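J.: Okay, so here is upload01.cif, and as you'll see once you scroll down, it has mmCIF, N, CA and C atoms.
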```cif
data_my_file
#
loop_
_atom_site.label_atom_id
_atom_site.label_comp_id
_atom_site.auth_asym_id
_atom_site.auth_seq_id
_atom_site.Cartn_x
_atom_site.Cartn_y
_atom_site.Cartn_z
N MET A 1 -27.09 -5.20 23.17
CA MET A 1 -25.91 -5.63 23.97
C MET A 1 -24.62 -5.43 23.18
N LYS A 2 -24.52 -4.31 22.48
CA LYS A 2 -23.34 -4.00 21.69
C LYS A 2 -22.71 -2.69 22.15
N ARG A 3 -21.43 -2.75 22.50
CA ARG A 3 -20.70 -1.57 22.96
C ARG A 3 -19.24 -1.63 22.53
N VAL A 4 -18.77 -0.57 21.89
CA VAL A 4 -17.39 -0.50 21.42
C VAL A 4 -16.71 0.77 21.95
N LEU A 5 -15.38 0.81 21.91
CA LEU A 5 -14.65 1.98 22.40
C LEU A 5 -13.79 2.60 21.31
N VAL A 6 -13.84 3.93 21.21
CA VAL A 6 -13.05 4.66 20.22
C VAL A 6 -12.09 5.63 20.89
N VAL A 7 -10.82 5.55 20.51
CA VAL A 7 -9.80 6.43 21.06
C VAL A 7 -9.16 7.25 19.95
N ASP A 8 -9.17 8.57 20.11
CA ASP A 8 -8.60 9.45 19.10
C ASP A 8 -8.32 10.84 19.69
N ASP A 9 -7.26 11.47 19.21
CA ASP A 9 -6.87 12.79 19.70
C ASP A 9 -7.38 13.91 18.80
N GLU A 10 -8.67 13.89 18.50
CA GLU A 10 -9.28 14.92 17.66
C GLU A 10 -10.79 14.76 17.61
N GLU A 11 -11.51 15.85 17.90
CA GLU A 11 -12.96 15.84 17.89
C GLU A 11 -13.51 14.80 18.87
N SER A 12 -14.78 14.96 19.25
CA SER A 12 -15.42 14.04 20.17
C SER A 12 -15.48 12.64 19.57
N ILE A 13 -16.32 12.48 18.55
CA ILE A 13 -16.47 11.19 17.88
C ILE A 13 -15.60 11.13 16.63
N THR A 14 -15.40 9.91 16.12
CA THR A 14 -14.60 9.71 14.93
C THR A 14 -15.48 9.80 13.68
N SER A 15 -15.04 10.59 12.71
CA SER A 15 -15.78 10.78 11.47
C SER A 15 -16.21 9.46 10.83
N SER A 16 -17.48 9.39 10.43
CA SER A 16 -18.05 8.20 9.79
C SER A 16 -18.40 7.10 10.79
N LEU A 17 -17.90 7.21 12.01
CA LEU A 17 -18.17 6.20 13.03
C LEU A 17 -19.58 6.36 13.60
N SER A 18 -19.88 7.56 14.09
CA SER A 18 -21.19 7.86 14.67
C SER A 18 -22.32 7.32 13.80
N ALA A 19 -22.44 7.86 12.59
CA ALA A 19 -23.48 7.43 11.66
C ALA A 19 -23.54 5.91 11.54
N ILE A 20 -22.36 5.29 11.50
CA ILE A 20 -22.26 3.84 11.40
C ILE A 20 -22.87 3.15 12.62
N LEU A 21 -22.24 3.32 13.77
CA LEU A 21 -22.74 2.71 15.00
C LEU A 21 -24.23 3.00 15.19
N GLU A 22 -24.66 4.15 14.70
CA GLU A 22 -26.06 4.56 14.80
C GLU A 22 -26.93 3.71 13.88
N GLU A 23 -26.34 3.20 12.80
CA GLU A 23 -27.07 2.37 11.86
C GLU A 23 -27.13 0.93 12.36
N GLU A 24 -26.06 0.50 13.01
CA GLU A 24 -25.98 -0.86 13.54
C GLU A 24 -26.73 -0.97 14.86
N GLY A 25 -26.67 0.08 15.67
CA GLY A 25 -27.35 0.08 16.95
C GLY A 25 -26.43 -0.37 18.07
N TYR A 26 -25.25 0.23 18.13
CA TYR A 26 -24.27 -0.11 19.15
C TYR A 26 -24.21 0.95 20.25
N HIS A 27 -23.26 0.77 21.15
CA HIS A 27 -23.05 1.70 22.25
C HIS A 27 -21.57 2.06 22.31
N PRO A 28 -21.13 2.94 21.40
CA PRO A 28 -19.73 3.35 21.31
C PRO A 28 -19.37 4.50 22.24
N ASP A 29 -18.15 4.44 22.79
CA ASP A 29 -17.64 5.46 23.68
C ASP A 29 -16.33 6.00 23.13
N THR A 30 -16.28 7.29 22.84
CA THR A 30 -15.09 7.90 22.28
C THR A 30 -14.27 8.63 23.34
N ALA A 31 -12.95 8.49 23.24
CA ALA A 31 -12.04 9.14 24.17
C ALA A 31 -11.30 10.28 23.46
N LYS A 32 -10.21 10.75 24.07
CA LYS A 32 -9.44 11.84 23.48
C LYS A 32 -7.94 11.57 23.53
N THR A 33 -7.54 10.50 24.22
CA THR A 33 -6.14 10.14 24.33
C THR A 33 -5.99 8.76 24.96
N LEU A 34 -4.75 8.39 25.26
CA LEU A 34 -4.48 7.10 25.88
C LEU A 34 -4.79 7.14 27.37
N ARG A 35 -4.66 8.33 27.96
CA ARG A 35 -4.95 8.50 29.38
C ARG A 35 -6.46 8.47 29.60
N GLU A 36 -7.19 9.12 28.70
CA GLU A 36 -8.64 9.16 28.78
C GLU A 36 -9.22 7.77 28.54
N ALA A 37 -8.56 7.01 27.67
CA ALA A 37 -9.02 5.66 27.35
C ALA A 37 -8.73 4.71 28.50
N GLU A 38 -7.47 4.70 28.96
CA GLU A 38 -7.07 3.83 30.06
C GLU A 38 -8.08 3.93 31.20
N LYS A 39 -8.48 5.15 31.53
CA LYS A 39 -9.45 5.36 32.59
C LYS A 39 -10.76 4.66 32.23
N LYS A 40 -11.27 4.96 31.04
CA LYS A 40 -12.51 4.35 30.56
C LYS A 40 -12.36 2.84 30.44
N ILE A 41 -11.13 2.36 30.28
CA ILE A 41 -10.87 0.93 30.14
C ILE A 41 -10.49 0.30 31.48
N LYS A 42 -10.15 1.13 32.47
CA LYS A 42 -9.78 0.64 33.78
C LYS A 42 -11.00 0.25 34.61
N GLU A 43 -12.19 0.51 34.07
CA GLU A 43 -13.43 0.19 34.77
C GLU A 43 -14.44 -0.42 33.81
N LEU A 44 -14.65 0.24 32.68
CA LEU A 44 -15.60 -0.24 31.68
C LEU A 44 -15.01 -1.41 30.89
N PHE A 45 -15.63 -2.57 31.02
CA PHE A 45 -15.17 -3.76 30.31
C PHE A 45 -15.53 -3.68 28.83
N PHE A 46 -14.95 -2.71 28.15
CA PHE A 46 -15.21 -2.51 26.73
C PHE A 46 -14.85 -3.76 25.92
N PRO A 47 -15.83 -4.34 25.19
CA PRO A 47 -15.60 -5.53 24.38
C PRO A 47 -14.64 -5.27 23.22
N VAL A 48 -14.91 -4.22 22.47
CA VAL A 48 -14.08 -3.86 21.32
C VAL A 48 -13.42 -2.50 21.50
N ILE A 49 -12.10 -2.47 21.34
CA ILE A 49 -11.34 -1.24 21.48
C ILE A 49 -10.74 -0.80 20.15
N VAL A 50 -10.98 0.45 19.77
CA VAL A 50 -10.46 0.99 18.52
C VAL A 50 -9.65 2.26 18.78
N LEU A 51 -8.33 2.14 18.68
CA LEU A 51 -7.44 3.27 18.92
C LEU A 51 -7.10 3.99 17.62
N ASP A 52 -6.95 5.30 17.72
CA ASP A 52 -6.59 6.13 16.59
C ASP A 52 -5.17 6.66 16.78
N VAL A 53 -4.67 7.41 15.82
CA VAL A 53 -3.32 7.95 15.93
C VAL A 53 -3.19 9.29 15.21
N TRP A 54 -4.19 10.15 15.38
CA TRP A 54 -4.21 11.47 14.76
C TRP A 54 -2.89 12.21 15.01
N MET A 55 -2.82 12.96 16.10
CA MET A 55 -1.62 13.71 16.44
C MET A 55 -1.47 13.86 17.96
N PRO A 56 -1.57 12.74 18.70
CA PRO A 56 -1.45 12.76 20.16
C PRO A 56 0.00 12.90 20.62
N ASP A 57 0.23 12.69 21.91
CA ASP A 57 1.57 12.79 22.47
C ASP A 57 1.78 11.77 23.58
N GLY A 58 1.26 10.57 23.38
CA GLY A 58 1.40 9.52 24.37
C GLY A 58 1.69 8.17 23.76
N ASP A 59 2.19 8.17 22.53
CA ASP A 59 2.51 6.93 21.83
C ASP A 59 1.25 6.09 21.63
N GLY A 60 1.43 4.79 21.40
CA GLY A 60 0.29 3.91 21.20
C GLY A 60 0.66 2.44 21.27
N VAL A 61 1.81 2.10 20.71
CA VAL A 61 2.28 0.72 20.72
C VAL A 61 2.38 0.19 22.15
N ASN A 62 2.89 1.03 23.04
CA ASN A 62 3.03 0.65 24.44
C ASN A 62 1.66 0.51 25.11
N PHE A 63 0.64 1.12 24.50
CA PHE A 63 -0.71 1.06 25.03
C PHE A 63 -1.39 -0.26 24.66
N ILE A 64 -1.07 -0.78 23.48
CA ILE A 64 -1.65 -2.03 23.01
C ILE A 64 -1.62 -3.10 24.10
N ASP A 65 -0.63 -3.01 24.98
CA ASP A 65 -0.49 -3.97 26.07
C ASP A 65 -1.52 -3.70 27.16
N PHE A 66 -1.66 -2.44 27.57
CA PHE A 66 -2.61 -2.07 28.60
C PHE A 66 -4.00 -2.64 28.29
N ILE A 67 -4.40 -2.55 27.03
CA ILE A 67 -5.69 -3.07 26.60
C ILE A 67 -5.78 -4.57 26.87
N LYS A 68 -4.71 -5.28 26.54
CA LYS A 68 -4.67 -6.73 26.75
C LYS A 68 -4.34 -7.05 28.20
N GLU A 69 -3.81 -6.07 28.92
CA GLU A 69 -3.44 -6.24 30.32
C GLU A 69 -4.68 -6.33 31.20
N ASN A 70 -5.62 -5.43 30.97
CA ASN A 70 -6.86 -5.39 31.75
C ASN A 70 -8.06 -5.75 30.88
N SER A 71 -7.80 -6.18 29.64
CA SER A 71 -8.86 -6.55 28.72
C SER A 71 -8.35 -7.55 27.68
N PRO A 72 -7.97 -8.76 28.12
CA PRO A 72 -7.46 -9.80 27.23
C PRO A 72 -8.57 -10.44 26.40
N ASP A 73 -9.80 -10.22 26.83
CA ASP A 73 -10.96 -10.76 26.14
C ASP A 73 -11.58 -9.74 25.20
N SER A 74 -11.12 -8.49 25.29
CA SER A 74 -11.62 -7.42 24.45
C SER A 74 -10.98 -7.47 23.07
N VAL A 75 -11.26 -6.47 22.25
CA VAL A 75 -10.70 -6.41 20.90
C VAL A 75 -9.88 -5.14 20.71
N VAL A 76 -8.97 -5.19 19.75
CA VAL A 76 -8.11 -4.05 19.44
C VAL A 76 -7.85 -3.94 17.95
N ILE A 77 -8.72 -3.21 17.26
CA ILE A 77 -8.59 -3.02 15.82
C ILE A 77 -7.56 -1.94 15.50
N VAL A 78 -7.64 -0.82 16.22
CA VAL A 78 -6.71 0.29 16.01
C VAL A 78 -6.72 0.73 14.55
N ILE A 79 -7.42 1.82 14.27
CA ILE A 79 -7.52 2.34 12.91
C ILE A 79 -7.28 3.85 12.85
N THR A 80 -6.66 4.30 11.77
CA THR A 80 -6.37 5.72 11.58
C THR A 80 -5.97 6.00 10.14
N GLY A 81 -6.01 7.27 9.75
CA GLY A 81 -5.64 7.66 8.40
C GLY A 81 -4.49 8.64 8.38
N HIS A 82 -3.56 8.49 9.32
CA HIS A 82 -2.40 9.37 9.40
C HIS A 82 -1.25 8.69 10.12
N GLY A 83 -0.29 8.19 9.36
CA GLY A 83 0.86 7.52 9.95
C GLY A 83 1.67 6.76 8.93
N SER A 84 1.62 5.43 9.01
CA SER A 84 2.36 4.58 8.08
C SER A 84 2.02 3.11 8.30
N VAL A 85 2.18 2.31 7.26
CA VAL A 85 1.89 0.88 7.34
C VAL A 85 2.73 0.21 8.42
N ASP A 86 3.89 0.80 8.72
CA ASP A 86 4.78 0.25 9.73
C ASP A 86 4.19 0.41 11.13
N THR A 87 3.14 1.21 11.26
CA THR A 87 2.49 1.42 12.54
C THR A 87 1.51 0.28 12.82
N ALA A 88 0.87 -0.19 11.76
CA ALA A 88 -0.07 -1.29 11.86
C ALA A 88 0.61 -2.52 12.44
N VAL A 89 1.66 -2.95 11.76
CA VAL A 89 2.43 -4.11 12.18
C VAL A 89 3.00 -3.90 13.59
N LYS A 90 3.16 -2.64 13.98
CA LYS A 90 3.68 -2.31 15.30
C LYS A 90 2.54 -2.18 16.31
N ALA A 91 1.56 -3.06 16.20
CA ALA A 91 0.41 -3.05 17.09
C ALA A 91 -0.43 -4.30 16.90
N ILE A 92 -0.63 -4.69 15.64
CA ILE A 92 -1.42 -5.87 15.31
C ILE A 92 -0.69 -7.15 15.70
N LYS A 93 0.64 -7.10 15.70
CA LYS A 93 1.45 -8.25 16.06
C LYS A 93 1.79 -8.24 17.54
N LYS A 94 1.02 -7.49 18.32
CA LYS A 94 1.24 -7.39 19.76
C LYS A 94 -0.01 -7.77 20.55
N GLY A 95 -1.09 -8.10 19.84
CA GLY A 95 -2.32 -8.48 20.51
C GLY A 95 -3.56 -7.79 19.95
N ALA A 96 -3.42 -7.14 18.79
CA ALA A 96 -4.55 -6.45 18.18
C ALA A 96 -5.31 -7.38 17.23
N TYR A 97 -6.21 -6.80 16.44
CA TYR A 97 -7.01 -7.57 15.50
C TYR A 97 -6.71 -7.16 14.06
N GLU A 98 -5.50 -6.68 13.84
CA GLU A 98 -5.06 -6.24 12.51
C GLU A 98 -5.59 -4.85 12.18
N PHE A 99 -4.76 -4.04 11.53
CA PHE A 99 -5.14 -2.69 11.16
C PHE A 99 -6.23 -2.70 10.09
N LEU A 100 -7.30 -1.94 10.34
CA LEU A 100 -8.41 -1.85 9.41
C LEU A 100 -8.01 -1.05 8.17
N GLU A 101 -7.82 -1.76 7.06
CA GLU A 101 -7.43 -1.11 5.81
C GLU A 101 -8.63 -0.45 5.14
N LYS A 102 -9.12 0.62 5.76
CA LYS A 102 -10.26 1.35 5.22
C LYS A 102 -10.61 2.55 6.11
N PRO A 103 -9.66 3.47 6.31
CA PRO A 103 -9.87 4.66 7.14
C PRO A 103 -10.76 5.69 6.46
N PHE A 104 -11.07 6.77 7.18
CA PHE A 104 -11.91 7.83 6.64
C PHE A 104 -13.28 7.29 6.24
N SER A 105 -13.80 6.36 7.03
CA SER A 105 -15.11 5.76 6.74
C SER A 105 -15.40 4.58 7.67
N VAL A 106 -14.34 3.91 8.13
CA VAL A 106 -14.46 2.75 9.02
C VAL A 106 -15.61 1.83 8.60
N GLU A 107 -15.92 1.83 7.30
CA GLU A 107 -16.98 0.98 6.78
C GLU A 107 -16.61 -0.48 6.97
N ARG A 108 -15.38 -0.82 6.59
CA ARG A 108 -14.89 -2.18 6.75
C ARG A 108 -14.83 -2.53 8.23
N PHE A 109 -14.52 -1.52 9.05
CA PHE A 109 -14.47 -1.70 10.49
C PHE A 109 -15.80 -2.23 10.99
N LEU A 110 -16.88 -1.78 10.35
CA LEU A 110 -18.23 -2.20 10.70
C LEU A 110 -18.36 -3.72 10.61
N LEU A 111 -17.99 -4.27 9.46
CA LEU A 111 -18.08 -5.71 9.23
C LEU A 111 -17.22 -6.48 10.23
N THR A 112 -16.02 -5.98 10.49
CA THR A 112 -15.11 -6.62 11.43
C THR A 112 -15.68 -6.60 12.84
N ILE A 113 -16.28 -5.47 13.21
CA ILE A 113 -16.87 -5.30 14.54
C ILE A 113 -17.67 -6.53 14.97
N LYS A 114 -18.59 -6.96 14.12
CA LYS A 114 -19.42 -8.13 14.42
C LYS A 114 -18.55 -9.28 14.92
N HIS A 115 -17.58 -9.66 14.10
CA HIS A 115 -16.68 -10.75 14.44
C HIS A 115 -15.90 -10.43 15.72
N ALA A 116 -15.61 -9.15 15.93
CA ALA A 116 -14.87 -8.72 17.11
C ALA A 116 -15.61 -9.10 18.39
N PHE A 117 -16.93 -8.98 18.36
CA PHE A 117 -17.76 -9.31 19.51
C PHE A 117 -17.95 -10.82 19.64
N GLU A 118 -17.59 -11.56 18.60
CA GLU A 118 -17.73 -13.01 18.61
C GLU A 118 -16.98 -13.63 19.79
N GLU A 119 -15.90 -12.99 20.20
CA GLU A 119 -15.11 -13.48 21.33
C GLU A 119 -15.80 -13.21 22.66
N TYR A 120 -16.91 -12.48 22.62
CA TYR A 120 -17.66 -12.16 23.82
C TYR A 120 -19.16 -12.22 23.56
N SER A 121 -19.55 -13.00 22.56
CA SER A 121 -20.96 -13.15 22.21
C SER A 121 -21.60 -11.80 21.91
#
```
Translate the structure described by the file into C-alpha cells.

T.:
Amino acid sequence: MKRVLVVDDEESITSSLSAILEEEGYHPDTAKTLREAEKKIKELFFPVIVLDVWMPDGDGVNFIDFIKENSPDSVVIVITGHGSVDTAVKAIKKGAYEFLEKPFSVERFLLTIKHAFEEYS
C-alpha cells in the first residue's frame, strides 16, 4: 500500500529512485513536467509528491499550490540537483516537506518517504 509520485523534465524515471523504490517495495509514478503531473494528480490521489527542477519551462513554485489544492493530505518533498538553495525555501515554506538535502541518490529521500506516508498511514 505504498505509492509515490515523481516529477522531472528528464528521462522516464529519476536516477537512483527506481532501484530505491524497488528495494522498499513502493508504487512510484514518474512524470515529465508540471502539466503531466497535474493530470496524474488531478485523478490519482498520490500520497507523496516529489517534484524535480532539471530544465523544464513551467516554473514550479506556483505548482506547489496545485499539489496542496487538490492534495492537501499528500506530501511535497521536491528534490533536485540543479538550481539553488533559494529554490528550496521558495517551495518548502509554501506547503512542502522541506527540500531533501541529498540529491543524485535520493537516499535520504527514502527515509523521509516513510514519515511522508505517516500522514496517510

J.: Kindly indicate which residue among A:67, A:6, A:77, A:88 lies nearest to residue 108 of chain A, using only C-alpha atoms for the distances.

T.: A:77

J.: Rank nothing, just name the residue among A:45, A:17, A:9, A:51 nearest to residue 32 of chain A, using all atoms listed in the file.

T.: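 Of A:45, A:17, A:9, A:51, the one nearest residue 32 of chain A is A:9, counting all atoms listed in the file.
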
J.: Would you please give, as a PyMOL selection string, all residues of chain A that DSSP assigns to strand (DSSP E) based on the backbone?

T.: chain A and resi 4-7+29-30+48-51+75-76

J.: Based on the backbone DSSP call, show me all residues of chain A assigned helix (DSSP H, G or I), as an MDAnalysis selection string.

T.: chainID A and resid 17:24 34:41 63:70 85:92 107:120

J.: Output as JSON the centre and edge lengths (Å, one decimal) of the box along x, y and z of the file that holds every listed atom of segment 23-38 of chain A after adding 8 Å on each side.

T.:
```
{"center_x": -15.9, "center_y": 5.4, "center_z": 21.5, "size_x": 38.9, "size_y": 28.8, "size_z": 35.3}
```

J.: Report, in Å with one decimal, the straight-line distance from atom CA of residue 97 of chain A to atom CA of residue 40 of chain A.

T.: 20.0 Å

J.: State, in Å with one decimal place, the distance from atom CA of residue 29 of chain A to atom CA of residue 94 of chain A.

T.: 23.2 Å

J.: If you measure from atom C of residue 52 of chain A to atom N of residue 66 of chain A, what distance in Å do you get, rounded to one decimal?

T.: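 Distance reported for this atom pair: 14.5 Å.
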
J.: Using the chain letters and numbers from this file, what does the PyMOL selection byres ((chain A and resi 10) around 8) select? Give the answer as a PDB file with N, CA and C atoms, keeping the file's coordinate frame.

T.:
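Writing the result to expr.pdb gives the following:
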```pdb
ATOM      1  N   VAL A   7     -10.820   5.550  20.510  1.00  0.00           N
ATOM      2  CA  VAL A   7      -9.800   6.430  21.060  1.00  0.00           C
ATOM      3  C   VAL A   7      -9.160   7.250  19.950  1.00  0.00           C
ATOM      4  N   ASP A   8      -9.170   8.570  20.110  1.00  0.00           N
ATOM      5  CA  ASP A   8      -8.600   9.450  19.100  1.00  0.00           C
ATOM      6  C   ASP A   8      -8.320  10.840  19.690  1.00  0.00           C
ATOM      7  N   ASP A   9      -7.260  11.470  19.210  1.00  0.00           N
ATOM      8  CA  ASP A   9      -6.870  12.790  19.700  1.00  0.00           C
ATOM      9  C   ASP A   9      -7.380  13.910  18.800  1.00  0.00           C
ATOM     10  N   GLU A  11     -11.510  15.850  17.900  1.00  0.00           N
ATOM     11  CA  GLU A  11     -12.960  15.840  17.890  1.00  0.00           C
ATOM     12  C   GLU A  11     -13.510  14.800  18.870  1.00  0.00           C
ATOM     13  N   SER A  12     -14.780  14.960  19.250  1.00  0.00           N
ATOM     14  CA  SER A  12     -15.420  14.040  20.170  1.00  0.00           C
ATOM     15  C   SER A  12     -15.480  12.640  19.570  1.00  0.00           C
ATOM     16  N   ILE A  13     -16.320  12.480  18.550  1.00  0.00           N
ATOM     17  CA  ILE A  13     -16.470  11.190  17.880  1.00  0.00           C
ATOM     18  C   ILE A  13     -15.600  11.130  16.630  1.00  0.00           C
ATOM     19  N   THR A  14     -15.400   9.910  16.120  1.00  0.00           N
ATOM     20  CA  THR A  14     -14.600   9.710  14.930  1.00  0.00           C
ATOM     21  C   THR A  14     -15.480   9.800  13.680  1.00  0.00           C
ATOM     22  N   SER A  15     -15.040  10.590  12.710  1.00  0.00           N
ATOM     23  CA  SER A  15     -15.780  10.780  11.470  1.00  0.00           C
ATOM     24  C   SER A  15     -16.210   9.460  10.830  1.00  0.00           C
ATOM     25  N   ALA A  31     -12.950   8.490  23.240  1.00  0.00           N
ATOM     26  CA  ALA A  31     -12.040   9.140  24.170  1.00  0.00           C
ATOM     27  C   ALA A  31     -11.300  10.280  23.460  1.00  0.00           C
ATOM     28  N   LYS A  32     -10.210  10.750  24.070  1.00  0.00           N
ATOM     29  CA  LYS A  32      -9.440  11.840  23.480  1.00  0.00           C
ATOM     30  C   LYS A  32      -7.940  11.570  23.530  1.00  0.00           C
ATOM     31  N   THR A  33      -7.540  10.500  24.220  1.00  0.00           N
ATOM     32  CA  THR A  33      -6.140  10.140  24.330  1.00  0.00           C
ATOM     33  C   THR A  33      -5.990   8.760  24.960  1.00  0.00           C
ATOM     34  N   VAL A  53      -4.670   7.410  15.820  1.00  0.00           N
ATOM     35  CA  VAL A  53      -3.320   7.950  15.930  1.00  0.00           C
ATOM     36  C   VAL A  53      -3.190   9.290  15.210  1.00  0.00           C
ATOM     37  N   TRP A  54      -4.190  10.150  15.380  1.00  0.00           N
ATOM     38  CA  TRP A  54      -4.210  11.470  14.760  1.00  0.00           C
ATOM     39  C   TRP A  54      -2.890  12.210  15.010  1.00  0.00           C
ATOM     40  N   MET A  55      -2.820  12.960  16.100  1.00  0.00           N
ATOM     41  CA  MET A  55      -1.620  13.710  16.440  1.00  0.00           C
ATOM     42  C   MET A  55      -1.470  13.860  17.960  1.00  0.00           C
ATOM     43  N   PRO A  56      -1.570  12.740  18.700  1.00  0.00           N
ATOM     44  CA  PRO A  56      -1.450  12.760  20.160  1.00  0.00           C
ATOM     45  C   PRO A  56       0.000  12.900  20.620  1.00  0.00           C
TER      46      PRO A  56
END
```

J.: Using all atoms listed in the file, which of A:99, A:47, A:21, A:2 sits nearest residue 73 of chain A?

T.: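 Among the listed residues, the smallest separation from residue 73 of chain A belongs to A:47.
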
J.: Take the PyMOL selection byres ((chain A and resi 28) around 5), apply it to the structure above, and return the hits as a list in words.

T.: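 That expression, the PyMOL selection byres ((chain A and resi 28) around 5), corresponds here to residues 3, 4, 26, 27, 29 and 30 of chain A.
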
J.: Find, counting only C-alpha atoms, the residue in A:111, A:65, A:102, A:76 that gets nearest to residue 50 of chain A.

T.: A:76

J.: Can you list, as a ChimeraX atom specification, every protein, DNA or RNA residue that comes within 9 Å of residue 24 of chain A when you count only C-alpha atoms, leaving out same-chain residues fewer than 4 positions away?

T.: /A:19-20,110

J.: Out of A:93, A:69, A:85, A:116, which residue has the shortest atom-to-atom distance to residue 5 of chain A when counting only C-alpha atoms?

T.: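 Of the candidates, the smallest distance to residue 5 of chain A is held by A:116.
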
J.: Would you list the contacts of residue 90 of chain A as a ChimeraX atom specification, taking every protein, DNA or RNA residue within 8 Å and counting only N, CA and C atoms, but skipping same-chain residues closer than 5 positions in sequence?

T.: /A:60-62,64,85,95
